[PDB]
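This document starts with one chain, in the form deposited without adenosine-5'-diphosphate, laid out as structure tokens.
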């Protein structure tokens, strides 16, 4: 169907046409005519290549243009908010303001009140709901992108909860991959179900095994090695996307490929890759990237800094970079299909131990093959090495995706969610809590929820004994300041407990390493990892700074190589964080502590939040003597600077490096910068035109 067959506000039609959208794929047409334009809930389970976002965009905008109010778009990862923010930009042209809200959990963010479209993670939205932001009542529709994640252990419960809170309160639309129990999820969501396998480009799926690829139709094609699949694609002026389990494997395979790909590149292509390879800021992780890119092959994984990942994704989308070997974590950042998708690993290091990559993910990966503009057929190939090809074919290609199970039993999320109910949602009796539970997806899939109930009852004990809540004289369950504060900070009650239990120590010896180590031991952060060769040096430094730690014994819970590792991981993290506030250049940190740019950015952001949370728990506990210290530390962690640079960080385009160059040249305050001649800032090594322009604009 065409845009003009669409029964929506004409200002939407104009925007679509202006984007070059004239018609809709069959799956989209079915969805648009399912009732969502009328306010009905819906679960859209179709290929990613078939444009799920557009369907949601139309539904959201149409919803608020007719009923006014707001639309909330729930993105899976905060690093994905930006992209959505950019593509939602043209809605500003018809008077709809778009905003990104993904951090600062301890805020009502009332400033979002004047916006119409709000992009945020499930956690951020959960957080806002707890704070009771005055604009929440304004939300008419919430879109849960990659809603199948509700079945994921780590964060699925949070998505389930915000859905439970919003159901019946706003229209709910889910964008989902293919699953095993489509109707069960739709039923719980009181939604219309749209299930389709239609895609714009035919997808051919097969399994590669010892020299041959056997396609799902039974035919065979010879390829001496799996990499020939990549060379063949490039030889055909098309591209390839290779998926691997580990970061180091991603890089090693990228270099290997690039070694044979370079000789398949035109003279220009080679010079274009060079200009690109040259622009990568000096750095170990970036050194490998540049060297591989000069061959037409890049690697993609969370260790790379945002800028580097953007470069790789955009140039892959431009066909400059011919192939990309990437990991799972942020592969969603690469929004560009590829003629061929090669799944190199089908087993991944698991927690308890190795396990097969879920069928759901394998299907999502294969569904990335076939570019609409260049391909008439996309090929998704599963590489089997240790597995029987017929078994792999039967399991992944012929078999059905796994059913999604609620992950509400997660002790981490459940303790946080049970406290949140009492501390921010007014739940005061066990019966009421179980009432909320009876409306969860968890309960929906079950005949009974006896164990969860026993699990909740014990959580209440934990909260009572630890003083987050209390039983009033009325025999009701009520929160205490510690509890309310913990709920709003969004930290797990366990990390709050840790902060409370070690507060007396922090007060006695307020110091960086100890604080950074303490927070790095909490469930709310993922510390840096370390290789075996690093341990000896880590151990030495540990003894050196042992007396500054609040958690000193590496084995208070056993000798499990897992627990000793956890402790030292937190310790190494504390060391990196100290270098960070001591203004050691990123390149030097990456190099000296064997950590990656992407991880530094992530840990720094999380640390700022946790140091802030520690400051706030110190407040509720009355440990006011360390609040100023903690507040200052928080800001130092936020920017990676010494206390004296703080006054300059409010400046546009000014980071730790520029603040330093400014300060050392005599511009220490906004006042010094205010009375400066542009030439005075331009002489400073590090400050360029665009920076002075932004600074002078900022100042007037």
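Positions refer to the first chain, counted from 1.
The same protein also has a form solved in complex with adenosine-5'-diphosphate, omitted here; what follows describes it.
> Within 4.5 Å, heavy atoms only, which of 69, 51, 647, 655 is in contact with adenosine-5'-diphosphate in the deposited complex?
Only one listed residue qualifies here, and that residue is 51.
> Please pick, from 187, 534, 505, 87, the one residue with any non-hydrogen atom lying within 4.5 angstroms of adenosine-5'-diphosphate in the deposited complex.
Only one listed residue qualifies here, and that residue is 87.
> Even though the partner isn't displayed, in the deposited complex is residue 21 close enough to adenosine-5'-diphosphate, meaning a heavy atom within 4.5 Å?
Residue 21 belongs to the contact set for adenosine-5'-diphosphate.
> Determine whether any heavy atom of residue 28 comes within 4.5 Å of a heavy atom of adenosine-5'-diphosphate in the deposited complex, and answer yes or no.
Yes.
> In the deposited complex, which of 637-645, 51-59, 33-41, 659-667 comes within 4.5 Å of adenosine-5'-diphosphate (heavy atoms)?
Of the options, only 51-59 has residues within 4.5 Å of the partner.
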